[PDB]
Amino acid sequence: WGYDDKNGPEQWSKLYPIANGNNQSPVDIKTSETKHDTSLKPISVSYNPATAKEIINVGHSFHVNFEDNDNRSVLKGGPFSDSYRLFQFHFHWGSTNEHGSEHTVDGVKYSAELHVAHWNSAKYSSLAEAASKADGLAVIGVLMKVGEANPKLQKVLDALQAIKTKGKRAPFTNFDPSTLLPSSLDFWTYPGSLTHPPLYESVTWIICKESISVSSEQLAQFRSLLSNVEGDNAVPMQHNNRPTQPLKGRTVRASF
């Protein structure tokens, strides 16, 4: 599978039938249809920079992984009763500044999106077990609006030159991803899924109301990563965002 015309999102249903499920992500958040909930508590994140471990080029994107053997880095509050353990963060982008984000707000598309993923360590023993459970994963999504350069993305961007081609990986340590989140943590939440195969409907999404910035040049750095293996003709990672999917009766709740 991929994001190309032949094996792209529109064709994923052939190999992964759940792509046409009733809890698929991303979605378009229509603010006039969101339901306020006083039951929702503020989001609380506490990450230990010592848990940062490695950065990897996976062909269609790049991931920054964290050690998840204990609860040194966790997410709590919001619609959760259990604490979720941080395990990875990555981004999605488009071919030009005009698109790139996965989620949209009132039909508006942004240039990129940051995803910070966690798994339920209170109920499960590992990521593999939790990934298929309805309450197994929690992902924070932050919309990235093109504008001024974001200095907080510096360490991440400077690391790409060491993992330019598919399969390359390198140590990525002493980093706290909470520094990438917006100043305000007001959010929207809804029951969804992984945005790429296997597309499991096991994700409770936390979408931030406030966006963070990114410059046109920083976006160019994401797009310059290569999807081919070392030695082959270079093929830039042009885009990796999935189109929004039908809400199918789900309700998006707002913490504000």
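All residue numbers refer to positions in the sequence shown, first residue = 1.
S.K.: If you take the mean CA temperature factor per stretch, which one wins between 120 to 128 and 90 to 98?
M.R.: Higher mean C-alpha B-factor: 120 to 128.
S.K.: Averaging the C-alpha B factors as listed in the entry, name the stretch that ends up higher: 7 to 15 or 237 to 245.
M.R.: According to the PDB entry, the answer is 7 to 15.
S.K.: Among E230, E201, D37, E210, single out the one with the highest C-alpha B factor in the record, please.
M.R.: Highest C-alpha B-factor among the listed residues goes to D37.
S.K.: Select one of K145, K166, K76, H103: the residue whose C-alpha shows the highest B-factor in the crystal structure entry.
M.R.: The record points to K76.
S.K.: Comparing against every modelled residue in the chain, figure out the third that the C-alpha B-factor of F80 lands in (lowest, middle or highest).
M.R.: It belongs to the highest third of the chain when residues are ordered by C-alpha B-factor.
S.K.: Of the three thirds of its chain by CA temperature factor, lowest, middle or highest, which one includes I43?
M.R.: Its C-alpha B-factor belongs to the highest third of this chain's values.
S.K.: Within this chain, which third does the Cα B-factor at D68 fall in: lowest, middle or highest?
M.R.: Its C-alpha B-factor, which the entry lists for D68, ranks in the highest third among residues of this chain.
S.K.: Just say lowest, middle or highest third for the CA B-factor of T51 relative to the other modelled residues in its chain.
M.R.: Middle third, going by the recorded CA B-factors of the chain.
S.K.: Ranking every modelled residue in this chain by its Cα temperature factor as given in the entry, which third contains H60?
M.R.: Within its chain, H60 is a lowest-third residue by C-alpha B-factor, going by the deposited values.
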